[PDB]
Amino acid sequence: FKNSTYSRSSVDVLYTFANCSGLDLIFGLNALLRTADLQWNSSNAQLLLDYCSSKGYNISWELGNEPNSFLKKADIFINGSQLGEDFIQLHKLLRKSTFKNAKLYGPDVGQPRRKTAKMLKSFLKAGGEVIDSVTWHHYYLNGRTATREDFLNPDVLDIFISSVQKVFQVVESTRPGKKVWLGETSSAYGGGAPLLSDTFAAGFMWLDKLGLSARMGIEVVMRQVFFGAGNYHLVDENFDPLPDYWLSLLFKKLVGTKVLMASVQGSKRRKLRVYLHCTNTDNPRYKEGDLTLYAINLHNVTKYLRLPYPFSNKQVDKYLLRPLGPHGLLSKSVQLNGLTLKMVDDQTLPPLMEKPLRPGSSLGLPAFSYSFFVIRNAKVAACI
């Protein structure tokens, strides 16, 4: 890994892309700029903070990426204590800037291996007072070795639960109640699994990760990547959306901020994975008290879900995603309720069209599929 420079121009491209897209930019600062005695050298960050101030850019900050592997990446070891002190120094710089209330997130550690958990714990002891959220990273697989079977394996999906429990064990011991974010996450590291991370088959891991993150207390999940060289991109090299972009858009239209719980009465409780939130109230079709159920079927047959009292006879809207043939789960095209999802034109997203079910029918979920179901007139007090 070689040092590279970037220009005011690059900063403007990035800020403008975020600003004109309605996204909130978080900019990671270079943590490997070190003084004689291995303190963070804040002088380059200072130049960037000055420049961003002078342009009225509203930007949030991070310092370093995966500091746990600095020794491997750059033959420099920074312990969590020191990194905490480095974050304290960035916080003082932000407080003296024109955006004195700017947010600071970190430390963007990898998933909690023994040595990473130790670094995170010492970082939160030293620097935890000045971060607005704890960021950590998660991948299920190595993109080089990942198989199609891995992407469909509930034993692979389930490992994420132990990672989340281990991060919360460190946070609750050092900074109880601090918000916990996934700062970088996807199916597979090393740029994704060729012919897998860009397909319908990637959607099992992405929708399960969202479900479990919400259920377990993770407040924000940051998908590696929106756009880029890695085939875990949501949008390909031709600016065409891949199935995970359509999955992500549908999740945003349907799923609300209030997290509830669903479970399957069977003991098996594998391969059939269920999540329940309040419906997104910004959705104009739906109303206060509506529920959004989402479900993953990793069985090789259709399953039929029955809603409990008092939701059994409610009007339900189905939003079932299935691949466009002929490449099955390895397709880069998806249908919603049997309609291919495609841009109308370069400026126009299509409508995402519900399929109303007959009231009191069981919820059909084909083999190797995922679906959202909105329960209309659910009248759930907790959602109102």
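So that there is no doubt, residue numbering starts at 1 and follows the sequence shown. By rigid core we mean the largest C-alpha set that fits within 1.5 Å across both forms.
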| item | value |
| --- | --- |
| Higher-deviation stretch (C-alpha RMS, rigid core fit) in 5 other deposited structures of this protein, choosing from 115-123 and 84-92 | 115-123 |
| Stretch with the higher entry mean CA B-factor, where the candidates are 50-58 and 22-30 | 50-58 |
| Entry-level comparison of average CA B-factors, 219-227 and 307-315, reporting the higher stretch | 307-315 |
| Selection by C-alpha B-factor (highest) of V235, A188, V130, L71 | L71 |
| Candidate residues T292, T98, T135, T257, the one whose C-alpha B factor the record puts highest | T98 |
| Ranked C-alpha temperature factor of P243 among modelled chain residues, by third | lowest |
| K115 CA temperature factor, ranked by third within the chain | highest |
| Chain thirds of CA B-factor: placement of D158 | lowest |
| Entry-reported Cα temperature factor of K332, expressed as the chain third it lands in | lowest |
| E85 CA temperature factor, ranked by third within the chain | highest |
